[PDB]
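Student: If you scroll down you'll find the structure; I have some questions about it.
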Number of protein chains: 2
Amino acid sequence: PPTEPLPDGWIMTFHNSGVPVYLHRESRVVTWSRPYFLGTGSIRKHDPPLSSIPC
Amino acid sequence: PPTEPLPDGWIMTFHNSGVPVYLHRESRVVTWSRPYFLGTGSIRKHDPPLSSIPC
């Protein structure tokens with residue numbers, strides 16, 4: 001799918017497994033699914049960006 | 001798998017789709033794969049926590 005931009009402070013980078021991973025540089029936190037800014041959206045009911053849905 | 005703790009500021013919460021999602025409360029950022037603290041680990045070469053690997 002088309003990708004939405006990453007939230008502030010995040011970068012998509014290569015992992016040796018061959019999959020991209022997403023690092024928040026300042027906190028040194030990693031996730032394997034593209035993170036996104038929810039803003040004032042409803043955590044329970046919102047539709048995630050298509051580029052952020054796993055498997 | 002056994003879960004490793006979430007990094008600071010994150011919470012696992014329910015999404016209407018029936019899947020848990022992970023919210024960083026202060027930044028309002030969401031990811032669909034459990035995030036983890038990498039610390040001084042190698043971004044490229046580290047083994048992620050088993051609870052953090054998608055699909």
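Naming works like this for the structure tokens: A, B, ... for the chains as they're shown, residue 1 at the start of each chain, ligands 1 onward in shown order.
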Tell me which protein, DNA and RNA residues are within 9 Å of region 29-42 of chain A, counting only C-alpha atoms, leaving out same-chain ones fewer than 6 positions away, and put them as a ChimeraX atom specification.
Tutor: /A:4-8,10,12,19-23,48-49,51-54 /B:7,23,27-39,43,48,52-54
Student: To one decimal place, how far is CA of residue 18 (chain A) from CA of residue 45 (chain B) in Å?
Tutor: 10.6 Å
Student: Go through B:15, B:2, B:25, B:9 and flag the residue nearest chain A, using only C-alpha atoms for the distances.
Tutor: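 Ranking B:15, B:2, B:25, B:9 by distance to chain A, first place goes to B:15.
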